[PDB]
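Q: One line per chain: the protein sequences are X, C, W and U, in this order.
Residue numbering for the first sequence follows the UniProt record's numbering, starting at 100 and increasing by one per position.
Residue numbering for the second sequence follows the UniProt record's numbering, starting at 394 and increasing by one per position.
Residue numbering for the third sequence follows the UniProt record's numbering, starting at 2 and increasing by one per position.
Those letters in the fourth sequence? Residues 346 to 427, 433 to 437, per the UniProt record's numbering, in order.
For every residue, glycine included, the Cβ atom is placed at its ideal position computed from N, Cα and C.
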Amino acid sequence: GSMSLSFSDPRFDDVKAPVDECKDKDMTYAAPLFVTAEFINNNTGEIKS
Amino acid sequence: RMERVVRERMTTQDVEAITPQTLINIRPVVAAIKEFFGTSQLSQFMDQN
Amino acid sequence: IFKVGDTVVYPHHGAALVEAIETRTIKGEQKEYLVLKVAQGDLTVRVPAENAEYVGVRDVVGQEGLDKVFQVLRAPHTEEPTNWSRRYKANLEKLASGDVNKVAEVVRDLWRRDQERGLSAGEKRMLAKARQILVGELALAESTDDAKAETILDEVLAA
Amino acid sequence: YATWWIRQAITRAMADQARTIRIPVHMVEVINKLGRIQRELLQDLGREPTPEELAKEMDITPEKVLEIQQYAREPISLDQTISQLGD
RNA sequence: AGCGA
């Protein structure tokens, strides 16, 4: 219980390639996920975001 | 699954030296999504005749 | 200790820029947090000023430090336990400590070893990581351009 | 001393009796090193590295890396569900 | 895994 981890703010970027190009070149039509992580240490006290 | 790995190494890793970059593992998350979309009897093949 | 705009040093993440002295309260206590960002990890860290010295926030790398780790890098009369298992664990702990003198000792000992013999993949990675962190540390201690820092480091290794 | 002897014997027997095909110890070790390097680079970078990347990281040739990938292959099971592949 | 009789 001396340290903890948390998540917030799911966020996307634009897709890396368009629909027809993904269909042609056999790529999976996707986009990245970005999540703001946050580690905290209870005893000393910090945030690592 | 990610969480079990995270909490596992959350003790073994030395304190004052680690960060969510060193803590989080995205391999099982991406694997879970991929194993859902491929080879699941709900991720059905598009039936477009 | 450090006002705004200071290029304040912080382990293990090298130098960093203070952005503001945050007044983020907790349990009704307005701790004077300072937001502090590095360029490599692109992460922001908020630290209370009370225990900044307890977390070990570093400062402008003391000029003596350069010649100190140079002496360690030139430090002769160095030998290690015969069993490389013990040698490996010992200098791995030395690297884990992060102290500039100890890491300099590690890199110079392994430079002597790998100029003599040709050691191992694990050791090559050990030397690589220690060398990277040190060429960075000296490059921002003297503020002298990581590549040129590497050149001067190679110059001093030969002595 | 007991600990070290035990671990040596366990690792040796595991290697000799790991797969239906036998893969001697030194090649097992390089396979394990390649796997560890690839896994840690996946953790750090986030992407699966390239054969040339692993060749430069392990101070070996890309063709050697390809051969280690090849010998790393584990047999599939004739028994499965789809029915059995043996059909 | 999906489908026709």
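#1: Please compile the residues from chain W whose C-beta is within a distance smaller than 7 Å of the C-beta of residue 410/C.
#2: Identify, in the order they occur along the chain, each residue of the same chain with its Cβ nearer than 6 Å to the Cβ of residue 22/W, setting aside the five sequence neighbours on each side.
#3: For the beta strand (DSSP E) containing residue 34/W, name the first residue and the last one.
#4: Quick one: which chain X residues come within Cβ less than 8 Å of residue 18/W?
#5: Of all the options 412/U, 395/U, 424/U, which has the alpha carbon lying nearest to the alpha carbon of residue 375/U?
#6: Cα separation between residue 93/W and residue 104/W?
#7: Between 397/C, 438/C, 401/C, 418/C, which lies nearest to residue 392/U when the distance is taken from Cα to Cα?
#8: Quick one: complete beta strand (DSSP E) runs, 3+ long, within the region 25 to 95 of chain W?
#9: Could you tell me which residues DSSP puts in a beta bridge with residue 396/C?
#10: From 58/W, 60/W, 47/W, pick the residue whose C-alpha is nearest to that of residue 26/W; which is it?
#11: Classify residue 63/W: buried if its beta carbon has 16 or more other beta carbons within 10 angstroms, exposed otherwise.
#12: Taking C-beta to C-beta, are residue 77/W and residue 91/W nearer than 9 Å?
#13: Helix, strand or coil for residue 108/X? Go by DSSP, reduced to three states.
#14: Could you tell me whether the Cβ of residue 437/U comes closer than 9 Å to any Cβ of chain W?
#15: With a cut-off of 9 Å, does the C-beta of residue 47/W fall near any C-beta of chain X?
#16: Would you mind working out which of 86/W, 117/W, 80/W sits nearest residue 349/U, comparing C-alpha positions?
#17: For residue 138/X, count the other beta carbons within 10 Å of its own beta carbon; 16 or more makes it buried, fewer makes it exposed. Which is it?
#18: Alpha carbon to alpha carbon, what distance is there between residue 437/U and residue 426/U?
#19: Under a CB-based cut-off of 9 Å, is residue 414/C close to chain W?
#20: Just list the residues that DSSP pairs residue 138/X with in beta bridges.
#21: Give the interface partners of residue 398/C over in chain X, defined as CB-CB distance under 8 Å, in chain order.
#22: Beta carbons nearer than 8 Å to chain X: which residues of the region 111 to 123 of chain W have them?
#23: In angstroms, rounded to a whole number, what distance separates the CA positions of residue 373/U and residue 360/U?
#24: With H, G and I counted as helix, E and B as strand and the rest as coil, what does DSSP make of residue 409/C?
#25: Between residue 424/U and chain C, is the shortest Cβ-Cβ distance under 9 Å, so that the two count as touching?
#26: Along the chain, where does the beta strand (DSSP E) containing residue 16/W start, and where does it finish?
#27: Helix, strand or coil: which one does DSSP assign to residue 404/C?
A: Quick look at the numbers:
#1: Using a Cβ-Cβ cut-off of 7 Å, residue 410/C is close to 13 of chain W, given in chain order.
#2: Answer for residue 22/W: 33, 35, listed in chain order.
#3: Unbroken beta strand (DSSP E) run through residue 34/W: 34 to 38.
#4: Result: empty, since nearest Cβ-Cβ is about 15 Å, beyond 8 Å.
#5: Ranking 412/U, 395/U, 424/U by Cα distance to residue 375/U puts 412/U first.
#6: Looking at the backbone, the Cα of residue 93/W and that of residue 104/W are separated by about 9 Å.
#7: Nearest C-alpha to residue 392/U: 418/C.
#8: Counting only runs of 3 or more residues that sit fully inside the region 25 to 95 of chain W, the beta strand (DSSP E) segments are 34 to 38, 45 to 49, in chain order.
#9: According to DSSP, which records beta bridges pairwise, residue 396/C is partnered with nothing at all.
#10: Checking every option, the nearest Cα to that of residue 26/W belongs to 47/W.
#11: Counting Cβ neighbours within 10 Å, residue 63/W comes out exposed, since fewer than 16 surround it.
#12: Cβ distance not < 9 Å, so residue 77/W and residue 91/W don't count as in contact.
#13: Under the three-state reduction of DSSP output, residue 108/X falls in the strand class.
#14: At a cut-off of 9 Å between C-beta atoms, residue 437/U does not count as an interface residue with respect to chain W.
#15: True, the Cβ-Cβ gap to chain X drops below 9 Å.
#16: The alpha carbon of residue 349/U has as its nearest neighbour, out of 86/W, 117/W, 80/W, the alpha carbon of 86/W.
#17: Buried, by the Cβ-count rule.
#18: About 11 Å.
#19: Closer than 9 Å: yes.
#20: 104/X, 147/X, per the DSSP bridge assignment.
#21: Those within 8 Å of residue 398/C in chain X number zero; the least Cβ separation is about 12 Å.
#22: Within the region 111 to 123 of chain W, no residue has a Cβ lying closer than 8 Å to any Cβ of chain X.
#23: In a straight line, the C-alpha of residue 373/U is about 7 Å away from that of residue 360/U.
#24: Coil at residue 409/C, not helix or strand.
#25: Judged by the 9 Å Cβ criterion, residue 424/U is not in contact with chain C.
#26: Element bounds for residue 16/W: 16 to 23.
#27: DSSP places residue 404/C in helix when its eight states are reduced to three.
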